[PDB]
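Source file: coords-v1.pdb (PDB, C-alpha atoms)
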ATOM      1  CA  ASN A 757      -9.208  -8.575  42.963
ATOM      2  CA  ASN A 758      -8.505  -8.218  39.242
ATOM      3  CA  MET A 759      -4.902  -8.940  40.191
ATOM      4  CA  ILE A 760      -5.707 -12.624  40.837
ATOM      5  CA  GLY A 761      -6.999 -12.941  37.299
ATOM      6  CA  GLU A 762      -3.905 -11.066  36.074
ATOM      7  CA  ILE A 763      -1.510 -13.294  38.003
ATOM      8  CA  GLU A 764      -3.268 -16.527  37.057
ATOM      9  CA  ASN A 765      -3.180 -15.543  33.409
ATOM     10  CA  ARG A 766       0.454 -14.550  33.543
ATOM     11  CA  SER A 767       1.309 -17.869  35.213
ATOM     12  CA  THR A 768      -0.634 -19.828  32.582
ATOM     13  CA  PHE A 769       1.184 -17.883  29.906
ATOM     14  CA  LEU A 770       4.692 -18.565  31.241
ATOM     15  CA  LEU A 771       3.698 -22.188  31.641
ATOM     16  CA  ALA A 772       2.570 -22.280  28.034
ATOM     17  CA  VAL A 773       5.877 -20.789  26.863
ATOM     18  CA  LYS A 774       7.919 -23.460  28.692
ATOM     19  CA  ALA A 775       5.495 -25.984  27.181
ATOM     20  CA  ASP A 776       6.040 -24.728  23.625
ATOM     21  CA  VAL A 777       9.816 -24.552  24.041
ATOM     22  CA  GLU A 778       9.977 -28.135  25.322
ATOM     23  CA  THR A 779       7.349 -29.901  23.208
ATOM     24  CA  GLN A 780       7.454 -27.856  20.010
ATOM     25  CA  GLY A 781      11.221 -27.551  19.653
ATOM     26  CA  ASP A 782      11.973 -29.468  16.456
ATOM     27  CA  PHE A 783       8.807 -27.962  14.991
ATOM     28  CA  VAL A 784      10.405 -24.545  15.376
ATOM     29  CA  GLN A 785      13.655 -25.898  14.002
ATOM     30  CA  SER A 786      11.789 -27.347  11.029
ATOM     31  CA  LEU A 787      10.394 -23.842  10.415
ATOM     32  CA  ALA A 788      13.770 -22.141  10.727
ATOM     33  CA  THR A 789      15.217 -24.592   8.223
ATOM     34  CA  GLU A 790      12.405 -23.879   5.758
ATOM     35  CA  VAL A 791      12.858 -20.110   6.145
ATOM     36  CA  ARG A 792      16.639 -20.126   5.709
ATOM     37  CA  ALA A 793      16.419 -22.329   2.630
ATOM     38  CA  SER A 794      13.612 -20.326   1.007
ATOM     39  CA  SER A 795      14.038 -18.243  -2.148
ATOM     40  CA  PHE A 796      11.613 -16.735  -4.674
ATOM     41  CA  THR A 797      11.432 -15.061  -8.081
ATOM     42  CA  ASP A 798       7.797 -14.043  -8.036
ATOM     43  CA  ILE A 799       6.380 -12.097  -5.158
ATOM     44  CA  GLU A 800       3.183 -14.245  -5.294
ATOM     45  CA  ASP A 801       5.058 -17.357  -4.263
ATOM     46  CA  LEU A 802       6.523 -15.365  -1.354
ATOM     47  CA  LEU A 803       2.994 -14.300  -0.340
ATOM     48  CA  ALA A 804       2.017 -17.957  -0.210
ATOM     49  CA  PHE A 805       5.097 -18.756   1.873
ATOM     50  CA  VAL A 806       4.509 -15.922   4.376
ATOM     51  CA  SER A 807       0.883 -16.957   4.656
ATOM     52  CA  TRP A 808       2.011 -20.464   5.476
ATOM     53  CA  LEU A 809       4.605 -19.184   7.931
ATOM     54  CA  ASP A 810       2.101 -17.033   9.807
ATOM     55  CA  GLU A 811      -0.350 -19.895  10.061
ATOM     56  CA  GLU A 812       2.415 -22.112  11.372
ATOM     57  CA  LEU A 813       3.782 -19.692  14.014
ATOM     58  CA  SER A 814       0.217 -19.005  15.094
ATOM     59  CA  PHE A 815       0.542 -22.352  16.890
ATOM     60  CA  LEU A 816       3.117 -20.866  19.251
ATOM     61  CA  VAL A 817       1.513 -19.091  22.206
ATOM     62  CA  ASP A 818       3.712 -16.054  21.596
ATOM     63  CA  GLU A 819       6.285 -15.606  18.837
ATOM     64  CA  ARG A 820       8.707 -13.330  20.732
ATOM     65  CA  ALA A 821       8.888 -15.320  23.979
ATOM     66  CA  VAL A 822       9.229 -18.717  22.350
ATOM     67  CA  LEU A 823      11.523 -17.917  19.433
ATOM     68  CA  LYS A 824      13.778 -16.101  21.908
ATOM     69  CA  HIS A 825      15.041 -19.583  22.921
ATOM     70  CA  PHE A 826      16.006 -20.809  19.449
ATOM     71  CA  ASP A 827      18.442 -20.358  16.601
ATOM     72  CA  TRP A 828      15.846 -18.363  14.651
ATOM     73  CA  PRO A 829      16.490 -16.390  11.422
ATOM     74  CA  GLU A 830      14.771 -13.248  12.761
ATOM     75  CA  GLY A 831      16.183 -10.998  10.044
ATOM     76  CA  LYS A 832      14.966 -13.079   7.117
ATOM     77  CA  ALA A 833      11.569 -13.719   8.679
ATOM     78  CA  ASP A 834      11.093  -9.982   9.249
ATOM     79  CA  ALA A 835      12.163  -9.249   5.689
ATOM     80  CA  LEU A 836       9.766 -11.838   4.255
ATOM     81  CA  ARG A 837       6.925 -10.378   6.289
ATOM     82  CA  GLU A 838       7.905  -6.868   5.301
ATOM     83  CA  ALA A 839       8.017  -7.540   1.556
ATOM     84  CA  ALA A 840       4.702  -9.405   1.765
ATOM     85  CA  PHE A 841       3.155  -6.496   3.549
ATOM     86  CA  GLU A 842       4.567  -3.754   1.318
ATOM     87  CA  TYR A 843       3.686  -5.442  -1.921
ATOM     88  CA  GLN A 844       0.174  -6.226  -0.707
ATOM     89  CA  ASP A 845      -0.203  -2.640   0.449
ATOM     90  CA  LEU A 846       0.903  -1.160  -2.874
ATOM     91  CA  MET A 847      -1.379  -3.553  -4.741
ATOM     92  CA  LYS A 848      -4.395  -2.722  -2.577
ATOM     93  CA  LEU A 849      -3.506   0.859  -3.438
ATOM     94  CA  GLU A 850      -3.347   0.400  -7.206
ATOM     95  CA  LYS A 851      -6.662  -1.408  -7.022
ATOM     96  CA  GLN A 852      -8.268   1.322  -4.926
ATOM     97  CA  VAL A 853      -7.193   3.818  -7.561
ATOM     98  CA  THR A 854      -8.216   1.920 -10.749
ATOM     99  CA  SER A 855     -11.587   1.028  -9.292
ATOM    100  CA  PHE A 856     -12.313   4.360  -7.671
ATOM    101  CA  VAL A 857     -15.818   5.659  -8.297
ATOM    102  CA  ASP A 858     -16.771   9.317  -8.087
ATOM    103  CA  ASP A 859     -20.149   9.298  -6.328
ATOM    104  CA  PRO A 860     -22.726  11.227  -8.376
ATOM    105  CA  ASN A 861     -24.670  11.677  -5.091
ATOM    106  CA  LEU A 862     -21.856  13.894  -3.747
ATOM    107  CA  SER A 863     -21.656  17.555  -4.709
ATOM    108  CA  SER A 864     -18.419  18.879  -6.220
ATOM    109  CA  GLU A 865     -16.700  19.894  -2.981
ATOM    110  CA  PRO A 866     -16.672  16.568  -1.130
ATOM    111  CA  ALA A 867     -16.145  14.569  -4.365
ATOM    112  CA  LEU A 868     -13.100  16.588  -5.378
ATOM    113  CA  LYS A 869     -11.795  16.404  -1.825
ATOM    114  CA  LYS A 870     -12.022  12.571  -1.969
ATOM    115  CA  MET A 871     -10.056  12.513  -5.217
ATOM    116  CA  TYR A 872      -7.523  14.948  -3.730
ATOM    117  CA  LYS A 873      -6.908  12.769  -0.663
ATOM    118  CA  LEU A 874      -6.619   9.698  -2.818
ATOM    119  CA  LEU A 875      -4.004  11.460  -4.906
ATOM    120  CA  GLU A 876      -2.084  12.558  -1.782
ATOM    121  CA  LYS A 877      -2.149   8.996  -0.464
ATOM    122  CA  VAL A 878      -0.771   7.719  -3.779
ATOM    123  CA  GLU A 879       1.911  10.410  -3.851
ATOM    124  CA  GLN A 880       3.031   9.676  -0.302
ATOM    125  CA  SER A 881       3.078   5.897  -0.806
ATOM    126  CA  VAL A 882       5.134   6.140  -3.948
ATOM    127  CA  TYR A 883       7.522   8.726  -2.514
ATOM    128  CA  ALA A 884       8.110   6.566   0.564
ATOM    129  CA  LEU A 885       8.803   3.601  -1.667
ATOM    130  CA  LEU A 886      11.216   5.549  -3.861
ATOM    131  CA  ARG A 887      13.197   6.804  -0.886
ATOM    132  CA  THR A 888      13.469   3.349   0.795
ATOM    133  CA  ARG A 889      13.734   1.209  -2.336
ATOM    134  CA  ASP A 890      17.536   1.054  -2.901
ATOM    135  CA  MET A 891      18.198  -0.059   0.684
ATOM    136  CA  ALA A 892      15.323  -2.525   0.578
ATOM    137  CA  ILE A 893      16.597  -4.022  -2.684
ATOM    138  CA  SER A 894      20.054  -4.581  -1.209
ATOM    139  CA  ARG A 895      18.567  -6.353   1.809
ATOM    140  CA  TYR A 896      16.049  -8.427  -0.129
ATOM    141  CA  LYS A 897      18.611  -9.493  -2.745
ATOM    142  CA  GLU A 898      20.720 -10.861   0.122
ATOM    143  CA  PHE A 899      17.685 -12.757   1.468
ATOM    144  CA  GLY A 900      16.515 -14.331  -1.836
ATOM    145  CA  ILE A 901      13.502 -12.020  -2.072
ATOM    146  CA  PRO A 902      12.139 -10.797  -5.436
ATOM    147  CA  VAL A 903      12.866  -7.153  -6.182
ATOM    148  CA  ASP A 904      11.479  -6.638  -9.699
ATOM    149  CA  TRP A 905       8.237  -5.315  -8.172
ATOM    150  CA  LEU A 906      10.264  -2.498  -6.653
ATOM    151  CA  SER A 907      11.706  -1.433 -10.022
ATOM    152  CA  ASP A 908      10.276   1.465 -12.075
ATOM    153  CA  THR A 909       8.560  -1.158 -14.172
ATOM    154  CA  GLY A 910       6.989  -2.981 -11.227
ATOM    155  CA  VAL A 911       4.188  -1.805  -8.922
ATOM    156  CA  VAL A 912       5.144   1.848  -8.812
ATOM    157  CA  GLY A 913       4.816   1.873 -12.617
ATOM    158  CA  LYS A 914       1.338   0.371 -12.286
ATOM    159  CA  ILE A 915       0.315   3.005  -9.732
ATOM    160  CA  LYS A 916       1.694   5.795 -11.924
ATOM    161  CA  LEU A 917      -0.473   4.473 -14.752
ATOM    162  CA  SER A 918      -3.573   4.296 -12.572
ATOM    163  CA  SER A 919      -3.130   7.909 -11.392
ATOM    164  CA  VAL A 920      -3.785   9.032 -14.968
ATOM    165  CA  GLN A 921      -7.152   7.239 -14.763
ATOM    166  CA  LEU A 922      -7.779   9.213 -11.606
ATOM    167  CA  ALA A 923      -7.002  12.417 -13.507
ATOM    168  CA  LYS A 924      -9.623  11.381 -16.101
ATOM    169  CA  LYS A 925     -12.262  11.007 -13.398
ATOM    170  CA  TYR A 926     -11.314  14.354 -11.812
ATOM    171  CA  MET A 927     -11.549  16.361 -15.008
ATOM    172  CA  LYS A 928     -14.750  14.529 -15.842
ATOM    173  CA  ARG A 929     -16.165  15.816 -12.565
ATOM    174  CA  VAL A 930     -14.943  19.360 -13.146
ATOM    175  CA  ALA A 931     -16.376  19.522 -16.674
ATOM    176  CA  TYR A 932     -19.640  18.041 -15.419
ATOM    177  CA  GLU A 933     -20.088  20.615 -12.621
ATOM    178  CA  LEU A 934     -19.082  23.405 -14.985
ATOM    179  CA  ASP A 935     -21.918  22.327 -17.291
ATOM    180  CA  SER A 936     -24.627  21.450 -14.758
ATOM    181  CA  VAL A 937     -25.341  25.153 -14.220
ATOM    182  CA  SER A 938     -24.387  28.108 -16.395
ATOM    183  CA  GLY A 939     -22.476  31.143 -15.153
ATOM    184  CA  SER A 940     -19.731  33.525 -16.271
ATOM    185  CA  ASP A 941     -16.033  32.629 -16.382
ATOM    186  CA  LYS A 942     -15.423  35.537 -14.017
ATOM    187  CA  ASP A 943     -17.328  33.964 -11.107
ATOM    188  CA  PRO A 944     -14.509  33.150  -8.591
ATOM    189  CA  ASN A 945     -16.213  29.848  -7.686
ATOM    190  CA  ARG A 946     -16.269  28.777 -11.324
ATOM    191  CA  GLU A 947     -12.771  30.060 -12.127
ATOM    192  CA  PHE A 948     -11.483  28.315  -9.026
ATOM    193  CA  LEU A 949     -13.198  25.070  -9.978
ATOM    194  CA  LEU A 950     -11.749  25.166 -13.487
ATOM    195  CA  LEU A 951      -8.308  25.803 -12.005
ATOM    196  CA  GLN A 952      -8.684  22.868  -9.645
ATOM    197  CA  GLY A 953      -9.238  20.784 -12.735
ATOM    198  CA  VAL A 954      -6.128  22.074 -14.475
ATOM    199  CA  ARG A 955      -3.857  21.931 -11.381
ATOM    200  CA  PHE A 956      -4.888  18.327 -10.633
ATOM    201  CA  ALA A 957      -4.253  17.336 -14.220
ATOM    202  CA  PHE A 958      -0.792  18.910 -14.187
ATOM    203  CA  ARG A 959       0.057  17.422 -10.792
ATOM    204  CA  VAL A 960      -0.749  13.950 -12.062
ATOM    205  CA  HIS A 961       1.018  14.515 -15.385
ATOM    206  CA  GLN A 962       4.255  15.448 -13.603
ATOM    207  CA  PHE A 963       3.820  12.539 -11.216
ATOM    208  CA  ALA A 964       3.141   9.740 -13.758
ATOM    209  CA  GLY A 965       5.318  11.125 -16.542
ATOM    210  CA  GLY A 966       2.778  11.675 -19.301
ATOM    211  CA  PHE A 967      -0.786  11.283 -20.522
ATOM    212  CA  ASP A 968      -2.702   9.211 -23.042
ATOM    213  CA  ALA A 969      -4.866  10.434 -25.945
ATOM    214  CA  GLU A 970      -7.956  10.438 -23.761
ATOM    215  CA  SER A 971      -6.407  12.348 -20.831
ATOM    216  CA  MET A 972      -5.040  14.798 -23.333
ATOM    217  CA  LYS A 973      -8.451  15.365 -24.928
ATOM    218  CA  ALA A 974      -9.851  16.111 -21.464
ATOM    219  CA  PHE A 975      -7.007  18.530 -20.665
ATOM    220  CA  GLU A 976      -7.406  20.407 -23.923
ATOM    221  CA  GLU A 977     -11.167  20.490 -23.419
ATOM    222  CA  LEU A 978     -10.665  22.117 -20.011
ATOM    223  CA  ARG A 979      -7.922  24.552 -21.065
ATOM    224  CA  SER A 980     -10.344  25.729 -23.782
ATOM    225  CA  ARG A 981     -12.964  26.822 -21.240
ATOM    226  CA  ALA A 982     -10.783  29.721 -20.099
TER     227      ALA A 982
END
Serialized structure, structure tokens:
Amino acid sequence: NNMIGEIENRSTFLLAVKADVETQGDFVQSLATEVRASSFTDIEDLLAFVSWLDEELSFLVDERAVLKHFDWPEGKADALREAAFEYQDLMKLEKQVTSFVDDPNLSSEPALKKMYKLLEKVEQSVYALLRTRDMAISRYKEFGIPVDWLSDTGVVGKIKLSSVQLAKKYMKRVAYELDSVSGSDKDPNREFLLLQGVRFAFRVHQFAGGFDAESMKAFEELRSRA
């Protein structure tokens, strides 16, 4: 008895697809024209375009089924969408890092774990980018899509910079916990905690490619607690 609902719905859907193909034809063609012609030099303008494109296609009952019947630049549309998504994703990431707060209500274990996961997420994102970037640039260049954001001096550079800020917060936490109570340097919990500090610092340093004065002062301050 659910099958009657199913069948009705399916029927209404197929109907709607014939409807969109027959009454929204030159609309679709208008879109395809706009997509083919499009080019950009700043990724923001592309974002605006993709936003517009999504809103427009959202008027088709189903992208796949309808566009199937038209001379539709599938490759370029997918690439536009992809670049929009990737850049937005990387930017959400840089923001999450720069504005990360280390909750004073958390004890050292969960707080440091949070920072560790954030670091792993950053590392994976950037590594994925670096391994797909050449290919992507080739493609995008062909399609008129900005690629400067993919360069070492684009978003990945920004993320690398923000990771150093993360290092600052991490060492701040380690120093703080190491001061909150007083014990001997030979307590395996305390030694371990100190080492977590140092290892995280070094991991970030190798990742980003250097520190600032402030980072450095924190690193020295830690390495002089041994």
Residues within 12 Å of residue 838 (chain A), please, as a list in words. Count all atoms listed in the file; anything in the same chain fewer than 5 positions from it doesn't count. residues 799, 802, 803, 806, 830, 831, 832, 833, 843, 844, 845, 892, 895, 896 and 901 of chain A
Could you spell out the hits of the PyMOL selection byres ((chain A and resi 967-979) around 7) on the shown file, as number ranges by chain? A: 920, 924, 927, 961, 966, 980-982
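The two atoms in question, CA of residue 932 (chain A) and CA of residue 869 (chain A), are spaced 15.8 Å apart.
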Which residues would end up in the selection if the PyMOL selection byres ((chain A and resi 881) around 12) were applied here, given that I need the answer as a PyMOL selection string? chain A and resi 842-843+845-850+874-880+882-889+911-912+915-916
Let me know the centre plus edge lengths, in Å and rounded to one decimal, of a box with edges along x, y and z that contains all listed atoms of region 805-816 of chain A and is padded by 5 Å on every side, as AutoDock Vina command-line options.
--center_x 2.4 --center_y -19.1 --center_z 10.6 --size_x 15.4 --size_y 16.4 --size_z 27.4
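Near residue 949 (chain A), within 9 Å and counting all atoms listed in the file, sit residues 864, 930, 933, 934, 944, 945, 946, 947, 951, 952, 953 and 954 of chain A; same-chain residues fewer than 2 positions away were not included.
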Give me a file of those residues, with C-alpha atoms, as a CSV table (one decimal), keeping the file's coordinate frame.
chain,number,residue,atom,x,y,z
A,864,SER,CA,-18.4,18.9,-6.2
A,930,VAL,CA,-14.9,19.4,-13.1
A,933,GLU,CA,-20.1,20.6,-12.6
A,934,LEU,CA,-19.1,23.4,-15.0
A,944,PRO,CA,-14.5,33.2,-8.6
A,945,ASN,CA,-16.2,29.8,-7.7
A,946,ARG,CA,-16.3,28.8,-11.3
A,947,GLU,CA,-12.8,30.1,-12.1
A,951,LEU,CA,-8.3,25.8,-12.0
A,952,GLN,CA,-8.7,22.9,-9.6
A,953,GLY,CA,-9.2,20.8,-12.7
A,954,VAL,CA,-6.1,22.1,-14.5
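From CA of residue 863 (chain A) back to CA of residue 956 (chain A), the distance works out to 17.8 Å.
CA of residue 890 (chain A) to CA of residue 910 (chain A) spans 14.0 Å [interatomic distance, one decimal].
With all atoms listed in the file as the atoms that count, the minimum distance from residue 772 (chain A) to the choices A:789, A:804, A:796, A:816 is reached by A:816.
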For residue 809 (chain A), find every residue with an atom within 12 Å (counting all atoms listed in the file), except residues of its own chain fewer than 5 positions away, and show them as a ChimeraX atom specification. /A:784,786-791,794,802-804,814-816,819,833-834,836-837,840
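Using all atoms listed in the file, the shortest contact distance between residue 774 (chain A) and any of A:813, A:823, A:857, A:957 is found at A:823.
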With distances taken over only C-alpha atoms, which residue among A:897, A:959, A:780, A:950 lies nearest residue 935 (chain A)? A:950
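Counting all atoms listed in the file, the residue from A:905, A:963, A:948, A:783 that sits nearest to residue 822 (chain A) is A:783.
When only C-alpha atoms are used to compute distances to residue 775 (chain A), the closest of the residues A:908, A:859, A:817, A:958 turns out to be A:817.
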